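Asker: Fold the following and give me the result.
(5 chains)
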Amino acid sequence: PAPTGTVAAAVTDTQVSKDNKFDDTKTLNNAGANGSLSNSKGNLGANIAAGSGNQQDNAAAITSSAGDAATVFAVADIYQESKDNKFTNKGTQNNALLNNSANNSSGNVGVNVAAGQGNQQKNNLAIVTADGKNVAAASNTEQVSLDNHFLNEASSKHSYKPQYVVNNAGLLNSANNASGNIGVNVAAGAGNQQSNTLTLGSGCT
Amino acid sequence: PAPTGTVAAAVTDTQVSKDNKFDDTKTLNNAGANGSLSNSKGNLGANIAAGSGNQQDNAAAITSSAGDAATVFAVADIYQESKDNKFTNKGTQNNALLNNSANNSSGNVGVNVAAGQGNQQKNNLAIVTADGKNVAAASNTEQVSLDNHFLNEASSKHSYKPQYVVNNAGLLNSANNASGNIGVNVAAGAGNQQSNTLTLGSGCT
Amino acid sequence: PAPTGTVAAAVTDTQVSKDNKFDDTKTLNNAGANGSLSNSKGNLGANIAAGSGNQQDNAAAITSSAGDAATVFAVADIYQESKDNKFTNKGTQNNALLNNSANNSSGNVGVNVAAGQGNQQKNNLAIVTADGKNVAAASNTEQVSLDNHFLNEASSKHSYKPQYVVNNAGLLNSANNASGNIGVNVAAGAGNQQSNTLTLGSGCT
Amino acid sequence: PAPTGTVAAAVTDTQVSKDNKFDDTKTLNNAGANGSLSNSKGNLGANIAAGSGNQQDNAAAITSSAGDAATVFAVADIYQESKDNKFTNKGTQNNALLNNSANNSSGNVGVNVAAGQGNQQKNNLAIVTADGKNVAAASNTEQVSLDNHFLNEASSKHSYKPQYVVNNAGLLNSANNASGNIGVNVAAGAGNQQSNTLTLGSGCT
Amino acid sequence: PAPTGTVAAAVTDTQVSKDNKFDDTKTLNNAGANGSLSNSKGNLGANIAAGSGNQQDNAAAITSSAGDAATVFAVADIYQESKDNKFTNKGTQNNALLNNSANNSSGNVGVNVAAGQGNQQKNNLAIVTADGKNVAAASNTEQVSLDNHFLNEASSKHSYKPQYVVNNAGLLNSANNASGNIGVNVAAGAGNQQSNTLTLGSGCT
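Answerer: Residues are numbered from 1 along each chain as shown, chains lettered A, B, ... in the order given. Below, you will see the structure:
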């Protein structure tokens, strides 16, 4: 038979991971994770991980605005694996913002970013000014993961003023006034695998 | 017979998972999960998980506004699996908002986001400006899951002021003034599988 | 059969790594990591690592502005590996900014930069003024990693004024008003592998 | 078969290294490392290492401005290796700037520069005024490294005024208003390997 | 077979070295190392070493300005080796500038210069006025090195005014408004190997 095998364009990702804890212990936290994509015009993957043993794949393809326009053809592929223990603080006062993402953005974004260990990733993005054949894709993803807990923990001796903690926590608002394709997908804790694909056209006259 | 097998376009997801608890222990919580999709114009999947051992698939295809218009064709596929123990806090005071989603959004959104561990996902989205052949889809999904409890737990010694807890909990309002196709599907607790597909056209003159 | 083997153009990276801790101990920190890509027009990989045992690959290809335009063809390849222990401070007061990246940039950027040890990398970038065949790519990546924790730690004797710490922490905002393809992917802690590819055209008349 | 072996043009670098610490001890530091590439027009590799056991390779090829234009063809190759202990200060007051790089530069730059020991490197650069065939490259890199920590450390006897330290730290901002291809990749600490390639054309009329 | 062996034109350098310390002890330093290449038009290698056991190779080939133009062909080769102990001061007050390099230069420069011992080097440079075949090169470099630390150290008896030190330190800024190919590569500390090649043409009408 004919050498048709070059027709095997797309498989997004495949992965394994296994692990325990994200934590924190004493006095001040002005502290919180992410929040995503307000007023943006395009394709956005927000992927974030506070915690360890991390892997991800993202793909994204765009038409941005209206006018004279061109051709588009995109492809992506990976496999990746990890195993891990913890994320932890003791006793730092924390003016500690973990990473708010991609407001008023245009085109393609992978915000794919971490605090933690044993990190791997694959990022892949494309803009055109294109109209006509718009949305085509094929075959996509596979995955596995095995694990425990997001957590805060604290203990101390019976001093005159024991157990002193002060803390304040945002986690993950999404997509307000967004236009396009928005994938927000974030974790807190270990053992993270994520897969994505996005395809678009929009404008005005 | 003819090589017709390329006609096998669509199967959404298949999965297994099994696991125990989402919890919390001492003093302040100003704290609550999500809430969804007020005044939005499009296709939205809200998927959220506080708790571990997580997997999801989302697909979404759109026509947004009225005017000159184009062709649409979308496809998606995955299988994925996980197993896990807990989500937990001890003794953090919590200004702790878990993630309110996708109000005043347009086009396509997957808000697919977690606090917890052993995470896998596949996200897939598409806008066109398109009118004519609108809604077609085929064959779709398969699933399994096996588990225990969402939970709050607390105990302490007989001190002068024992058992001190203060807490406040929103869970999941949906779709107020929304137009389009809205899938809101969220969990609190472990062992999460979710599947989705959405297809649309709307506007005014 | 014919000597077709020169058709083997692309594989992005493959890697292994395994390791423990990013930390810090006594008195002042005015200190924080990165933040990325505001108002930029192009292809940007932000890769940053505070912590050790580091490896990365980046590729990026661009069309910048509109006018008379030319041909584009880019290729990249590596394998690399590392293993490590820690990142740590004791007792320095710290006016200590770790590296904010690539605002108001144009064309291609790899900001690929570290504080820590056992460092390897491969960077690869290209601009053209090009219109026509825009987005093509093939076959891409492989990866592995195995590890522990981001961490702050502190202990001291019972002096008249014990446990003196003062600290303030930014981590990683992304992509505000950006146009083009933005990959932001940063770590804090050891054991870092990252892979990227970006492809574009945009302008105005 | 024919003597085709001269077609073996490109392999960028291959390396090994393994090592411990960058540090500092008593009284004044007005002190900080690098910062990179503001307003530059071209191909820049910033490679810097405070710390020992160092190796690097850089390649870079350019078109600068628009007008009558010529042909381009570039090639590079190395292997290199090192092993080391430390970087350290005791008790110098320090008006100590480590090396800010390549602002308002044009053409090609390798800023490849160190403070520390067992140093090896290979630098390679080329400008043309060229338009037509722009971006071609092939086969690229290999690497390994194995190590410990960036660090500040301090101890002293119980004098009338013990533990006197004063210090102030910039590390590595990048690419502001840059045009072209920018690789910024710097380390602090020992055991450094880095690899790079860049290719371009830009101008105005 | 034919006597083709004369086709073996290029190998840049190969080397070994191993060693300990750069230091300094008591009272005044108005003192600092190098800084490089502001407003220059050409090919520059800055190589500098405060510290011992030194070896280097540089090659550089140029087209300078536009007009009637000629042919170019350059070649270079060496191997060299060294082993050493220290660089050190005690008690000199120091109006001590170590060597700022090659600002407003044209054509080719090797600034290749030291303070320290067991010194070897090879320098090689060429200008033409040439246009046409511009950038060709082949096969390049090999290297090894093994070592310890850059360092300041000080101790003294308990006199009425002990530990008197006063010091001020520039290290290595690069390439501001430079045009051409700039390799800046400098060390402080022992055990130094460096390799370079540069190729160019630029002008105006």
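
Asker: Could you list everything residue A:83 pairs with in the sheet?
Answerer: residue A:18, residue C:146 (DSSP bridges).

Asker: Spell out, range by range, the strands that occur in chain A.
Answerer: Using DSSP state E, the strands of chain A run over A:15-24, A:27-33, A:41-50, A:57-63, A:78-84, A:86-89, A:94-98, A:106-115, A:122-128, A:141-152, A:165-171, A:179-188, A:195-199.

Asker: Now tabulate these in JSON lines and tack on distance to residue D:125 and mean neighbour count.
Answerer: Backbone N, C-alpha and C define where each C-beta goes, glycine included. Shown next, in JSON lines, are those (distance: least, Cβ to Cβ, whole Å; neighbours: other Cβ atoms under 10 Å in any protein chain shown):
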{"stretch": "strand A:15-24", "distance to residue D:125": "40", "mean neighbour count": "24"}
{"stretch": "strand A:27-33", "distance to residue D:125": "43", "mean neighbour count": "19"}
{"stretch": "strand A:41-50", "distance to residue D:125": "36", "mean neighbour count": "30"}
{"stretch": "strand A:57-63", "distance to residue D:125": "34", "mean neighbour count": "30"}
{"stretch": "strand A:78-84", "distance to residue D:125": "33", "mean neighbour count": "24"}
{"stretch": "strand A:86-89", "distance to residue D:125": "42", "mean neighbour count": "24"}
{"stretch": "strand A:94-98", "distance to residue D:125": "39", "mean neighbour count": "21"}
{"stretch": "strand A:106-115", "distance to residue D:125": "31", "mean neighbour count": "31"}
{"stretch": "strand A:122-128", "distance to residue D:125": "28", "mean neighbour count": "30"}
{"stretch": "strand A:141-152", "distance to residue D:125": "42", "mean neighbour count": "24"}
{"stretch": "strand A:165-171", "distance to residue D:125": "47", "mean neighbour count": "19"}
{"stretch": "strand A:179-188", "distance to residue D:125": "41", "mean neighbour count": "30"}
{"stretch": "strand A:195-199", "distance to residue D:125": "38", "mean neighbour count": "29"}
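
Asker: Ok, which of these comes nearest residue B:117?
Answerer: Comparing the strands of chain A by their distance to residue B:117 (Cβ to Cβ), the top pick is strand A:141-152, with 3.7 Å.

Asker: elements contacting the closest one?
Answerer: Applying 3 or more Cβ pairs under 8 Å, 6 or more residues apart in numbering or on different chains; DSSP states H and E, one finds that strand A:141-152 makes contact with strand A:15-24, strand B:78-84, strand B:86-89.

Asker: so what secondary structure elements neighbour the longest one?
Answerer: This points to strand A:15-24. With contacts defined as 3+ Cβ pairs under 8 Å, 6+ apart, strand A:15-24 has these neighbours: strand A:78-84, strand A:86-89, strand A:141-152.

Asker: For the ones you listed, give me JSON lines that also has distance to residue A:203.
Answerer: Below are the helices and strands packed on strand A:15-24 laid out as JSON lines (distance: least, Cβ to Cβ, whole Å):
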{"stretch": "strand A:78-84", "distance to residue A:203": "32"}
{"stretch": "strand A:86-89", "distance to residue A:203": "42"}
{"stretch": "strand A:141-152", "distance to residue A:203": "30"}
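
Asker: and of these, who's closest to residue D:39?
Answerer: strand A:78-84 (36.3 Å).

Asker: ok, and what's touching that closest one?
Answerer: By Cβ atoms under 8 Å, 6 or more residues apart in numbering or on different chains, the surrounding residues in contact with strand A:78-84 are A:12-20, A:52-55, A:57, A:116-122, A:190-191, C:140-148, C:195.

Asker: Could you do stretch A:146-163 as well?
Answerer: Residues outside stretch A:146-163 that contact it (Cβ under 8 Å, 6+ apart) are A:17-26, A:51, A:165, A:167, A:188-191, B:52-53, B:82-92, B:115-118.

Asker: circling back to that earlier point, if we compare the helices and strands packed on strand A:141-152, which one ends up closest to residue E:77?
Answerer: Comparing the helices and strands packed on strand A:141-152 by Cβ to Cβ, strand A:15-24 comes nearest, at 49.4 Å.

Asker: contacting residues for the residue nearest the centre of chain A?
Answerer: In chain A, the residue lying closest to the centroid (Cα atoms, centre = their mean) is residue A:47, at 0.5 Å. Going by Cβ under 8 Å, 6+ apart, residue A:47 touches A:56, A:58, A:110, A:111, A:112, A:113, A:185, A:186, A:194, A:196.

Asker: Tabulate those (TSV), appending distance to chain C.
Answerer: Conversion of those to TSV gives the following (distance: Cβ to the nearest Cβ, whole Å):
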residue	distance to chain C
A:56	9
A:58	8
A:110	5
A:111	4
A:112	4
A:113	5
A:185	15
A:186	12
A:194	12
A:196	13
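
Asker: and these near chain B, which?
Answerer: Contacts with chain B within those, counted by Cβ under 8 Å from any Cβ of the partner chain: A:185, A:186, A:194, A:196.

Asker: The third one is in contact with residue B:114, isn't it?
Answerer: No - between residue A:194 and residue B:114 no contact is recorded; they are 10.0 Å apart, counting by Cβ atoms under 8 Å.

Asker: now whichever residue of chain A sits closest to chain E: how far from residue A:132?
Answerer: Evaluated by Cβ to the nearest Cβ, chain A has residue A:117 as its residue closest to chain E, separated by 28.3 Å. In this view, residue A:117 and residue A:132 are 45 Å apart by Cβ to Cβ, to the nearest Å.

Asker: out of these two, which sits in the more crowded spot?
Answerer: residue A:117 (36 against 12; other Cβ atoms under 10 Å in any protein chain shown).

Asker: Phi first, then psi, for that one.
Answerer: Dihedral pair for residue A:117: phi -140, psi 170, per degrees, to the nearest 10.

Asker: That one is in contact with residue C:17, isn't it?
Answerer: No - Residue A:117 is not in contact with residue C:17 according to Cβ under 8 Å; the separation is 9.3 Å.

Asker: Neighbours of residue A:138, how many?
Answerer: By the criterion of other Cβ under 10 Å, residue A:138 has 15 neighbours.

Asker: Oops, could you answer that again for residue A:155 instead?
Answerer: If we define neighbours as other Cβ under 10 Å, then residue A:155 has 9 of them.

Asker: who are the neighbours in contact with residue A:22?
Answerer: A:50, A:51, A:86, A:87, A:88, A:150, A:151, A:188, A:189, A:190.

Asker: redo that, cut-off 7 Å
Answerer: Taking Cβ atoms under 7 Å, 6 or more residues apart in numbering or on different chains, we find residue A:22 in contact with A:50, A:51, A:87, A:150, A:151, A:188, A:189, A:190.
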